[PDB]
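Visitor: One structure, pasted below without further comment.
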Amino acid sequence: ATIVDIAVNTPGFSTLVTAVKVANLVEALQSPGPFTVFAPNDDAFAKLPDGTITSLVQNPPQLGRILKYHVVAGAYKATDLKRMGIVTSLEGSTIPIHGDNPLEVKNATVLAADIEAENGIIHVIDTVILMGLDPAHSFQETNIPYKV
Amino acid sequence: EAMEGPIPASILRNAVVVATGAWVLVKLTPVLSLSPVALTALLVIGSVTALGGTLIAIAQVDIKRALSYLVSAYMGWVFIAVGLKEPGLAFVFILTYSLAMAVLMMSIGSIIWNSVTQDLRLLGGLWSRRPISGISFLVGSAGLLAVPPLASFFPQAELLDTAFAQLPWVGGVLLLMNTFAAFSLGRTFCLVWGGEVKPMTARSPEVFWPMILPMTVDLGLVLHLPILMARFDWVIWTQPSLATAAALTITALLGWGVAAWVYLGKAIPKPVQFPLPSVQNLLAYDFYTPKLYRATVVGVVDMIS
Amino acid sequence: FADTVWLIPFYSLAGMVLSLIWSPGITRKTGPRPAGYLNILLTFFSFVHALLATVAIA
Amino acid sequence: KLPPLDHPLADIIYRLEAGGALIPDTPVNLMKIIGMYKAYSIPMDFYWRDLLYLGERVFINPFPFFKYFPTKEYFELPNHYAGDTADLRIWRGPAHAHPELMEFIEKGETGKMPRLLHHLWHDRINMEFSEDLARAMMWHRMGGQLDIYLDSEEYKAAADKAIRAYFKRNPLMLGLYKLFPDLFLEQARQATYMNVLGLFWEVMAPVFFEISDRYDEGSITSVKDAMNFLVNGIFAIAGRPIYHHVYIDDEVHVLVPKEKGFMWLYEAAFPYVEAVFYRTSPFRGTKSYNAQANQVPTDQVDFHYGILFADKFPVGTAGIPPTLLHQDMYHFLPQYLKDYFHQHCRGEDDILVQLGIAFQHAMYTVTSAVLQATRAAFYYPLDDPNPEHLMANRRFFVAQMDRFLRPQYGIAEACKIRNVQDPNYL
Amino acid sequence: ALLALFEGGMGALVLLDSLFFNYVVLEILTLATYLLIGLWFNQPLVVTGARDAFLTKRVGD
Ligand SMILES: CCCCCCCCCCCCCCCC(=O)OC[C@H](CO[C@@H]1O[C@H](CS(=O)(=O)O)[C@@H](O)[C@H](O)[C@H]1O)OC(=O)CCCCCCCCCCCCCCC
Ligand SMILES: CC1=C(/C=C/C(C)=C/C=C/C(C)=C/C=C/C=C(C)/C=C/C=C(C)/C=C/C2=C(C)CCCC2(C)C)C(C)(C)CCC1
Ligand SMILES: [Zn+2]
């Protein structure tokens with residue numbers, strides 16, 4: 001609803017809304033709770049081989065896991081995210097938020113931060129996102145710090 | 001050092017070491033009986049190697065080397081038996097000991113195959129998830145020291161009666177050899193199958209059909225040996241004299257029990273340290289036998305060369 | 001039997017020459033298994049022979 | 001765009017930053033790579049079918065005597081994407097099996113014989129190497145995020161139901177499961193890991209099929225293009241699901257559900273690259289497991305025994321696992337590689353050794369494709385103007401090359417790189 | 001093949017009851033132990049264990 005219709009009406013967001021409709025995150029992401037969430041904005045999805053999206057859309061649960069990783073419980077703004085530096089998302093997370101003038105999420109950059117909504121702040125980014133690895137089980141050295 | 005290459009070790013320590021020199025030593029009983037100095041030297045060598053093998057096996061960290069010293073000890077037992085002009089006891093004990101040690105080595109090999117490490121310090125809780133390989137080890141243990149039900153009791157009963165009739169101090173070794181050798185196997189069971197589970201064995205699947213078929217088929221032979229000596233009256237120890245039949249069992253059970261208490265007790269640091277630290281790392285390196293060789297024989301034969 | 005038990009050490013000595021047919025420089029194709037299989041066969045046949053010879057000398 | 005820093009391996013990082021090619025990019029270096037892919041893809045095409053057979057039909061068999069004879073319809077099992085009714089449709093060719101693999105199953109290296117007789121007389125596809133990998137992903141815990149799921153309260157219940165439904169015929173096994181419920185519960189987990197590995201090779205077999213066809217047409221011209229095809233295929237399939245679905249008599253037991261959200265990249269690709277390319281529990285005829293001789297490591301993070309670290313001259317000798325694959329990857333050789341080997345050291349005699357060295361070369365570009373996909377997923381592309389976004393990539397590559405230098409247990413005196421860059425290593 | 005040369009040597013040792021031929025096979029088995037321990041010789045601690053296992057067992061024999 002609220003975040004959903006806000007993604008639908010004014011901006012492009014033409015492939016995120018369909019991705020959420022394929023999954024079952026339409027009931028969620030609008031229930032009363034902040035869960036600030038950022039959007040790849042139709043161009044982060046463009047810098048991806050189209051087989052990626054054609055395979056993710058056919059499998060609702062995995063796309064849902066990724067989109068959940070995009071969603072971060074709580075209400076935070078650019079100042080809050082800069083103060084924290086690390087924030088937990090759904091399905092757990094690290095999301096090393098960084099950057100100085102434009103807030104850089106894990107490897108993206110915010111475009112329109114602090115987009116007010118009914119039940120949650122919304123950010124817009126230019127790379128999509130991808131989860132960490134938990135080096136105890138997956139590939140080992142993929143947690144290189146972004147800034148020094 | 002011959003514990004490089006698994007399962008000839010299940011056959012070498014079990015079918016070669018048992019009937020290669022012991023077979024030659026037993027059939028030489030008439031000749032060795034001629035001099036009552038070769039016999040006392042035989043007793044000395046057997047008792048020394050038995051005590052040393054048991055004490056060193058207790059102080060090992062490699063599961064494959066914590067059973068080869070026990071092989072040395074239980075071949076020293078045969079040296080003792082043949083030292084008392086008793087070839088029948090040796091021929092009987094070789095069978096039982098070989099069966100039991102086959103079960104033991106096959107169980108240890110099964111654990112190794114799927115739990116890559118051999119470090120006793122890196123293996124942990126396996127009992128709940130790996131029953132057979134554990135019960136097989138337990139039965140191969142019981143069929144080597146005690147439990148008059150199991151068959152290795154009988155031949156080590158006459159060697160108590162015989163060593164007590166003549167030359168009593170030797171029995172004092174045979175009795176003592178029965179507790180240290182029981183404390184080793186104990187700490188080898190309580191370290192590989194009991195306790196907290198560790199990184200290396202966090203996900204231990206039981207092995208496939210060809211590794212646990214022989215192991216279970218050889219675990220049956222050991223259970224039938226005692227009853228196979230009942231159908232056909234093959235009496236080994238004529239006079240029961242339960243006063244001595246209640247000594248081996250008490251010694252072995254005491255050893256195994258203290259072993260279980262020290263490791264399944266969580267009332268002591270687990271990388272246990274001895275009050276004397278200098279003897280722990282002396283039994284652990286088998287009395288520095290290599291540093292002895294390279295000093296006495298090699299160092300000579302090389303130098304003059 | 002029990003009069004030909006002295007042939008037991010030859011069965012395995014016949015498997016110690018045939019198993020080398022499969023050493024990686026001789027076959028170079030489809031190697032590594034029937035050597036062990038035939039050695040098991042020889043060992044089983046030499047165990048049956050020994051069991052029969054033991055029964056016959058009760 | 002950045003200064004030279006310090007590394008002894010720096011000559012390689014400058015190649016990773018600028019394009020790719022963890023190994024040099026000569027044409028003779030790519031002919032063998034594509035030929036090795038074509039040779040490694042057909043036994044892989046049998047592996048991914050037999051592993052699924054193990055994970056679904058041989059779920060927990062005490063005596064899985066046959067276990068390597070998939071049913072007639074598992075060779076007709078549609079590879080989820082190779083044909084018309086595909087899912088992402090790579091490798092245009094037929095989606096049922098491979099004619100070459102079916103031929104080898106039919107005739108073998110001797111002649112048209114029954115399959116059981118093809119097994120006793122070895123003449124087989126050496127399936128024991130695929131099981132060793134499946135058992136190597138477990139015991140390293142490297143399954144991904146489902147290993148934490150593969151513990152309790154959703155799996156133990158489903159595994160209990162499946163086991164009770166599997167053994168319902170004989171009460172001997174049923175009774176055993178009552179005494180020791182964790183005996184067959186850890187063998188269930190093993191079938192699950194088998195299924196995971198078999199689902200990983202349902203993606204790589206079509207990729208290695210299609211890359212050889214691309215090389216045949218002429219679309220592949222340099223190692224950069226090969227690894228780029230690999231990265232594109234990696235991202236294309238990164239979302240496919242992972243499940244178990246054990247099939248019992250007229251019944252299916254959902255063991256790990258599709259609804260749990262396990263995907264192919266985080267549960268079968270990354271936990272595989274680290275398990276089999278890097279760790280691969282130590283060789284038995286190269287290292288001593290002796291606990292006193294501190295040779296094998298104590299932690300599982302320092303297991304440097306994978307294909308990237310392997311020593312390929314002792315191949316075909318006792319105590320060395322990868323031989324099982326090189327004999328398996330030998331009769332599915334394209335002709336332009338048999339001719340390339342036959343005019344070389346020892347000719348068609350030591351063909352396994354050079355065939356394994358070329359396999360090492362190929363797996364180097366595969367892991368370089370994994371590195372490039374990893375940075376493109378979690379970091380910034382090469383065509384980035386910002387300098388900090390390029391220093392992030394450099395830090396990532398320096399970290400991933402430091403795994404090749406750590407001198408804990410001769411981990412630096414293994415690591416066949418700086419040896420694969422040599423043209424005289426073959 | 002080496003496991004078959006033990007099973008044959010063991011049989012020849014238990015059958016033959018001559019002190020001379022009970023040493024012939026007793027030495028053949030020493031040689032066999034040398035080649036059997038040294039199965040995977042690419043390991044540097046086997047070529048050292050097989051050396052001792054042959055020399056120590058040969059001096060006694
Ligand atoms: C008539 C009375 C009957 C009583 C009979 C008494 C028999 C006792 C058995 C014989 C003891 C053996 C002594 C030799 C030990 C040795 O040399 O090395 C020591 C080894 C070294 O292993 C070490 O292990 C270490 C790791 S770990 O600990 O093995 O995990 C490793 O770091 C190290 O290198 C390795 O060597 O470790 C040990 O086994 C220590 C054992 C000594 C503990 C005895 C304490 C007594 C407790 C009181 C009883 C409690 C009451 C319970 C009643 C049921
Ligand atoms: C695989 C496996 C399993 C199982 C197994 C089993 C179950 C086995 C069994 C086994 C068995 C069950 C065995 C048995 C055996 C037996 C035996 C081996 C016997 C013998 C006997 C005898 C030898 C006798 C003798 C005699 C008599 C008594 C009569 C006459 C003669 C006289 C002595 C002389 C399971 C599932 C867990 C899974 C995992 C692993
Ligand atoms: Zn088979």
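By order of appearance in the structure tokens: chains A, B, ..., then residues from 1 within every chain, and ligands from 1 in the order shown.
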List all protein, DNA and RNA residues that have at least one atom no more than 7 Å from any atom of ligand 1, counting only C-alpha atoms and all ligand atoms, and write them as number ranges by chain.

Guide: B: 55-56, 58-61, 120-121, 179-180, 183, 187, 251, 254-255, 257-258, 261-262, 270-274, 279-281, 283-284

Visitor: Can you work out which residues from chain B touch chain E at a cut-off of 10 Å (counting only C-alpha atoms) and hand them back as a PyMOL selection string?

Guide: chain B and resi 1-9+11-12+15-16+19-21+23-24+27-28

Visitor: Counting only C-alpha atoms and all ligand atoms, which protein, DNA or RNA residues come within 8 Å of ligand 2, given as a count of residues only?

Guide: 28

Visitor: Please provide as a ChimeraX atom specification all residues within 12 Å of segment 387-389 of chain D, with the sequence filter that same-chain residues fewer than 4 positions apart are discarded (counting only C-alpha atoms).

Guide: /A:99-100,104,106-109,145-148 /D:1-3,17,375-376,378-383,393-396

Visitor: Considering only C-alpha atoms, extract the chain C residues located within 12 Å of chain E and return them as a PyMOL selection string.

Guide: chain C and resi 4-23+35-44+46-47+50

Visitor: With C-alpha atoms retained, write the just-selected residues as a CSV table (one decimal), in the first residue's frame.

Guide:
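Full text of again_19.csv as output:
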```
chain,number,residue,atom,x,y,z
C,4,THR,CA,45.8,-80.1,-0.9
C,5,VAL,CA,45.8,-77.4,1.8
C,6,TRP,CA,49.4,-76.6,0.9
C,7,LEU,CA,48.0,-74.9,-2.2
C,8,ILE,CA,46.5,-72.1,-0.1
C,9,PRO,CA,49.6,-69.9,-0.2
C,10,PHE,CA,49.5,-70.1,-4.0
C,11,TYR,CA,45.9,-68.8,-4.6
C,12,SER,CA,47.0,-65.4,-3.1
C,13,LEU,CA,50.4,-65.8,-4.9
C,14,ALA,CA,48.3,-66.1,-8.1
C,15,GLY,CA,46.5,-62.9,-7.1
C,16,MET,CA,49.8,-61.1,-6.5
C,17,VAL,CA,50.8,-61.6,-10.2
C,18,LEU,CA,47.4,-61.0,-11.8
C,19,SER,CA,46.5,-57.8,-9.9
C,20,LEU,CA,49.5,-56.2,-11.5
C,21,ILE,CA,47.7,-56.4,-14.8
C,22,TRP,CA,45.9,-53.3,-13.7
C,23,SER,CA,48.8,-51.1,-12.6
C,35,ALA,CA,42.2,-56.3,-9.3
C,36,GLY,CA,40.8,-55.9,-5.9
C,37,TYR,CA,37.7,-57.8,-6.9
C,38,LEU,CA,39.6,-60.9,-8.1
C,39,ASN,CA,41.9,-60.7,-5.0
C,40,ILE,CA,38.8,-60.9,-2.9
C,41,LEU,CA,37.6,-63.9,-4.9
C,42,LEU,CA,40.9,-65.7,-4.4
C,43,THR,CA,40.9,-64.9,-0.7
C,44,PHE,CA,37.3,-66.3,-0.3
C,46,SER,CA,41.3,-69.9,-0.1
C,47,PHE,CA,39.2,-69.4,3.1
C,50,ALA,CA,40.9,-73.8,4.7
```

Visitor: Taking only C-alpha atoms and all ligand atoms into account, which residues are within 12 Å of ligand 3, as a list in words?

Guide: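 Within the 12 Å cut-off, the matching residues are residues 210 of chain B; 32, 33, 34 and 37 of chain C; 64, 65, 66, 67, 68, 69, 70, 115, 116, 117, 118, 119, 120, 121, 122, 123, 124, 125, 126, 127 and 128 of chain D.
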
Visitor: Which residues, written as a ChimeraX atom specification, have at least one atom at most 8 Å from residue 50 of chain A, with only C-alpha atoms counted and residues fewer than 4 positions away on the same chain left out?

Guide: /A:46,54 /D:236

Visitor: I'd like a table as CSV: residues in chain D with an atom no more than 7 Å from chain E, each row giving the shortest atom pair and its distance in Å to one decimal, only C-alpha atoms counted, sorted by chain and rising residue number.

Guide:
```
residue,atom,partner,partner_atom,distance
D:285,CA,E:40,CA,4.9
D:286,CA,E:43,CA,4.6
D:287,CA,E:43,CA,5.6
D:288,CA,E:45,CA,6.8
D:318,CA,E:40,CA,5.6
D:319,CA,E:40,CA,5.8
```

Visitor: Per DSSP on the backbone, what are the alpha helix (DSSP H) residues of segment 117-157 of chain B, as a list in words?

Guide: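 Those in segment 117-157 of chain B that DSSP calls alpha helix (DSSP H) are residues 132, 133, 134, 135, 136, 137, 138, 139, 140, 141, 142, 155, 156 and 157 of chain B.
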
Visitor: Just write the chosen residues, N, CA, C and O atoms, as a short mmCIF file (atom, residue, chain, number, x, y, z; two decimals), in the first residue's frame.

Guide:
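The resulting result17.cif:
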```
data_model
loop_
_atom_site.label_atom_id
_atom_site.label_comp_id
_atom_site.auth_asym_id
_atom_site.auth_seq_id
_atom_site.Cartn_x
_atom_site.Cartn_y
_atom_site.Cartn_z
N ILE B 132 27.11 -47.90 15.82
CA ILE B 132 27.87 -49.10 15.35
C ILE B 132 29.37 -48.91 15.59
O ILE B 132 29.94 -49.65 16.41
N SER B 133 29.99 -47.96 14.88
CA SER B 133 31.45 -47.72 15.00
C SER B 133 31.87 -47.53 16.46
O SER B 133 33.07 -47.67 16.74
N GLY B 134 30.92 -47.21 17.35
CA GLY B 134 31.21 -47.02 18.76
C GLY B 134 31.06 -48.31 19.55
O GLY B 134 31.95 -48.68 20.33
N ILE B 135 29.93 -48.99 19.38
CA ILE B 135 29.72 -50.29 20.00
C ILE B 135 30.74 -51.31 19.52
O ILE B 135 31.16 -52.16 20.30
N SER B 136 31.15 -51.24 18.26
CA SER B 136 32.19 -52.14 17.78
C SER B 136 33.49 -51.90 18.53
O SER B 136 34.16 -52.85 18.96
N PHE B 137 33.87 -50.63 18.70
CA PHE B 137 35.05 -50.32 19.48
C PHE B 137 34.91 -50.81 20.91
O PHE B 137 35.86 -51.35 21.49
N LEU B 138 33.72 -50.66 21.49
CA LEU B 138 33.51 -51.08 22.87
C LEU B 138 33.64 -52.60 23.01
O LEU B 138 34.21 -53.09 23.99
N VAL B 139 33.12 -53.34 22.04
CA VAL B 139 33.20 -54.80 22.12
C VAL B 139 34.62 -55.28 21.87
O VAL B 139 35.10 -56.20 22.53
N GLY B 140 35.32 -54.66 20.91
CA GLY B 140 36.72 -54.98 20.72
C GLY B 140 37.56 -54.61 21.93
O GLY B 140 38.62 -55.21 22.16
N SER B 141 37.11 -53.63 22.70
CA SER B 141 37.77 -53.29 23.96
C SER B 141 37.52 -54.38 25.00
O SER B 141 38.46 -54.87 25.63
N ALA B 142 36.26 -54.76 25.18
CA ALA B 142 35.92 -55.75 26.20
C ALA B 142 36.51 -57.12 25.87
O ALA B 142 36.76 -57.93 26.77
N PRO B 155 42.50 -66.91 28.25
CA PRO B 155 43.95 -67.12 28.14
C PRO B 155 44.77 -66.25 29.06
O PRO B 155 45.91 -66.60 29.37
N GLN B 156 44.23 -65.11 29.52
CA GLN B 156 44.96 -64.25 30.44
C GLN B 156 44.61 -64.61 31.89
O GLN B 156 44.98 -63.92 32.84
N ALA B 157 43.90 -65.72 32.04
CA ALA B 157 43.58 -66.21 33.37
C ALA B 157 44.60 -67.26 33.78
O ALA B 157 45.11 -67.23 34.91
#
```

Visitor: Residues of chain D within 9 Å of chain B, using only C-alpha atoms, as a short mmCIF file (atom, residue, chain, number, x, y, z; two decimals) with N, CA, C and O atoms, in the first residue's frame?

Guide:
```
data_model
loop_
_atom_site.label_atom_id
_atom_site.label_comp_id
_atom_site.auth_asym_id
_atom_site.auth_seq_id
_atom_site.Cartn_x
_atom_site.Cartn_y
_atom_site.Cartn_z
N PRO D 62 20.77 -48.46 3.48
CA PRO D 62 21.85 -49.09 4.22
C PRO D 62 22.78 -49.81 3.23
O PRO D 62 23.98 -49.66 3.33
N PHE D 63 22.19 -50.56 2.30
CA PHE D 63 22.95 -51.30 1.26
C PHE D 63 22.61 -50.73 -0.12
O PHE D 63 21.85 -51.37 -0.86
N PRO D 64 23.15 -49.55 -0.52
CA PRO D 64 22.88 -48.97 -1.82
C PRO D 64 23.92 -49.63 -2.73
O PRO D 64 24.79 -48.95 -3.23
N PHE D 65 23.81 -50.95 -2.89
CA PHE D 65 24.77 -51.73 -3.65
C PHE D 65 24.97 -51.14 -5.03
O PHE D 65 26.11 -51.01 -5.50
N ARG D 135 30.72 -34.91 0.07
CA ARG D 135 31.16 -35.09 1.45
C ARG D 135 32.23 -34.10 1.86
O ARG D 135 32.52 -33.99 3.06
N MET D 138 30.05 -30.75 2.89
CA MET D 138 29.83 -31.01 4.30
C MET D 138 31.16 -31.32 4.96
O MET D 138 32.18 -31.54 4.30
N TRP D 139 31.15 -31.29 6.29
CA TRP D 139 32.34 -31.45 7.12
C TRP D 139 33.24 -30.23 7.01
O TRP D 139 34.13 -30.03 7.84
N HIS D 140 32.97 -29.37 6.03
CA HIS D 140 33.54 -28.04 6.03
C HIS D 140 32.49 -27.03 6.44
O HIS D 140 32.78 -25.84 6.57
N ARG D 141 31.27 -27.50 6.65
CA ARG D 141 30.05 -26.74 6.89
C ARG D 141 29.71 -25.88 5.69
O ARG D 141 28.73 -25.14 5.75
N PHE D 180 18.74 -45.37 17.95
CA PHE D 180 19.62 -44.27 17.62
C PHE D 180 18.99 -43.38 16.56
O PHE D 180 19.25 -43.56 15.37
N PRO D 181 18.17 -42.40 16.95
CA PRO D 181 17.49 -41.57 15.94
C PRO D 181 18.42 -40.64 15.19
O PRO D 181 18.01 -40.09 14.16
N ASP D 182 19.64 -40.45 15.70
CA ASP D 182 20.61 -39.53 15.05
C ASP D 182 21.56 -40.32 14.15
O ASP D 182 22.49 -39.71 13.62
N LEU D 183 21.34 -41.62 14.00
CA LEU D 183 22.24 -42.43 13.13
C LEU D 183 21.86 -42.19 11.67
O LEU D 183 22.76 -41.88 10.87
N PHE D 184 20.56 -42.32 11.36
CA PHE D 184 20.05 -42.13 9.97
C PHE D 184 19.72 -40.65 9.75
O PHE D 184 19.51 -40.26 8.59
N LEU D 185 19.69 -39.87 10.82
CA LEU D 185 19.38 -38.42 10.69
C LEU D 185 20.61 -37.70 10.14
O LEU D 185 20.43 -36.63 9.53
N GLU D 186 21.81 -38.24 10.36
CA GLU D 186 23.03 -37.60 9.82
C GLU D 186 23.27 -38.13 8.40
O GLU D 186 24.02 -37.49 7.66
N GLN D 187 22.66 -39.27 8.06
CA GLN D 187 22.78 -39.83 6.69
C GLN D 187 21.74 -39.13 5.81
O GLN D 187 21.90 -39.16 4.59
N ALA D 188 20.72 -38.55 6.44
CA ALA D 188 19.71 -37.77 5.69
C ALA D 188 20.40 -36.48 5.26
O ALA D 188 20.32 -36.13 4.07
N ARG D 189 21.06 -35.81 6.21
CA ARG D 189 21.83 -34.60 5.92
C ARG D 189 22.81 -34.84 4.77
O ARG D 189 23.04 -33.95 3.94
N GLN D 190 23.40 -36.03 4.72
CA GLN D 190 24.34 -36.33 3.64
C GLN D 190 23.64 -36.38 2.30
O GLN D 190 24.17 -35.88 1.30
N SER D 281 39.60 -31.60 1.45
CA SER D 281 40.36 -32.21 2.55
C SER D 281 41.61 -32.95 2.08
O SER D 281 41.58 -33.63 1.05
N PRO D 282 42.70 -32.90 2.86
CA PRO D 282 44.04 -33.11 2.30
C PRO D 282 44.21 -34.45 1.60
O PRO D 282 43.54 -35.43 1.93
N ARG D 284 45.73 -37.97 0.70
CA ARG D 284 46.21 -39.03 1.57
C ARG D 284 47.62 -39.47 1.22
O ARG D 284 48.34 -39.94 2.11
N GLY D 285 48.03 -39.30 -0.02
CA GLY D 285 49.35 -39.72 -0.44
C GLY D 285 50.30 -38.56 -0.67
O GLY D 285 51.26 -38.68 -1.43
N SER D 288 50.91 -36.20 5.71
CA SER D 288 50.74 -37.13 6.80
C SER D 288 49.72 -36.61 7.78
O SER D 288 49.89 -35.53 8.36
N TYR D 289 48.66 -37.38 8.00
CA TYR D 289 47.67 -37.00 8.99
C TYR D 289 48.18 -37.17 10.40
O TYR D 289 47.41 -36.93 11.34
N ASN D 290 49.42 -37.60 10.57
CA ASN D 290 50.03 -37.76 11.88
C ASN D 290 49.81 -36.51 12.72
O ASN D 290 50.16 -35.40 12.32
N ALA D 291 49.21 -36.70 13.90
CA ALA D 291 48.81 -35.56 14.71
C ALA D 291 50.01 -34.86 15.34
O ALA D 291 49.93 -33.66 15.62
N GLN D 292 51.10 -35.58 15.58
CA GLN D 292 52.28 -34.95 16.15
C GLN D 292 53.00 -34.10 15.11
O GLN D 292 53.36 -32.95 15.37
N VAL D 296 49.08 -31.31 8.63
CA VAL D 296 47.69 -31.00 8.31
C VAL D 296 47.22 -29.95 9.32
O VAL D 296 47.54 -30.06 10.52
N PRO D 297 46.51 -28.92 8.90
CA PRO D 297 46.10 -27.87 9.84
C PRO D 297 45.08 -28.36 10.85
O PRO D 297 44.53 -29.45 10.75
N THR D 298 44.84 -27.51 11.85
CA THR D 298 43.87 -27.81 12.89
C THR D 298 42.54 -27.13 12.63
O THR D 298 41.48 -27.67 12.99
N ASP D 299 42.56 -25.95 12.03
CA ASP D 299 41.33 -25.29 11.63
C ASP D 299 41.01 -25.59 10.17
O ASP D 299 41.91 -25.84 9.36
N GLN D 300 39.72 -25.57 9.84
CA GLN D 300 39.31 -25.92 8.49
C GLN D 300 39.43 -24.73 7.54
O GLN D 300 39.02 -24.81 6.38
#
```

Visitor: For chain D, list the residues within 7 Å of chain A, counting only C-alpha atoms, and write the list as a compact mmCIF listing (two decimals) with C-alpha atoms, in the first residue's frame.

Guide:
```txt
# COMPACT_ATOMS: atom_id res chain seq x y z
CA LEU D 88 16.76 -19.86 -19.02
CA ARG D 141 30.05 -26.74 6.89
CA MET D 142 30.33 -24.99 3.52
CA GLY D 143 26.79 -25.45 2.35
CA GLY D 144 25.80 -21.81 2.55
CA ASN D 232 27.19 -13.66 -17.33
CA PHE D 235 24.60 -13.88 -12.73
CA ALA D 236 21.87 -15.33 -14.95
CA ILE D 237 21.37 -18.38 -12.71
CA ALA D 238 22.10 -16.78 -9.34
CA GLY D 239 18.41 -16.95 -8.41
CA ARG D 240 17.46 -20.54 -9.18
CA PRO D 241 16.05 -22.43 -6.17
CA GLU D 259 9.74 -21.64 0.08
CA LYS D 260 12.76 -21.31 2.39
CA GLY D 261 14.49 -18.98 -0.07
CA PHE D 262 17.76 -20.80 -0.75
CA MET D 263 19.27 -19.67 -4.04
CA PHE D 270 30.13 -19.75 -3.32
CA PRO D 271 30.17 -22.52 -0.66
CA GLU D 274 35.68 -22.46 -1.32
CA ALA D 377 28.11 -8.07 -7.28
CA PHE D 378 29.59 -6.57 -4.11
CA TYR D 379 31.85 -3.85 -5.53
CA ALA D 392 37.82 -0.70 -3.11
CA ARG D 395 41.60 -3.87 -1.77
CA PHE D 396 39.29 -6.75 -2.68
CA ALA D 399 42.69 -9.63 -0.12
CA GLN D 400 41.74 -12.41 -2.54
```

Visitor: Using only C-alpha atoms, which protein or nucleic acid residues come within 12 Å of residue 298 of chain B? Drop anything in the same chain fewer than 6 positions from it, and give the result as a list in words.

Guide: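 The filter keeps residues 290, 291, 292, 304 and 305 of chain B; 52, 55 and 56 of chain E.
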
Visitor: From a DSSP pass on the backbone, collect the residues of segment 94-319 of chain D flagged as strand (DSSP E or B) and hand them back as a PyMOL selection string.

Guide: chain D and resi 241+246-248+251-253+263

Visitor: Write a file of the just-selected residues containing C-alpha atoms, as a CSV table (one decimal), in the first residue's frame.

Guide:
```
chain,number,residue,atom,x,y,z
D,241,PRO,CA,16.0,-22.4,-6.2
D,246,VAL,CA,13.0,-37.0,-1.6
D,247,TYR,CA,10.7,-39.4,-3.6
D,248,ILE,CA,9.5,-42.5,-1.9
D,251,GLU,CA,5.0,-40.1,-2.4
D,252,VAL,CA,7.2,-37.0,-2.2
D,253,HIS,CA,8.5,-35.6,1.1
D,263,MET,CA,19.3,-19.7,-4.0
```
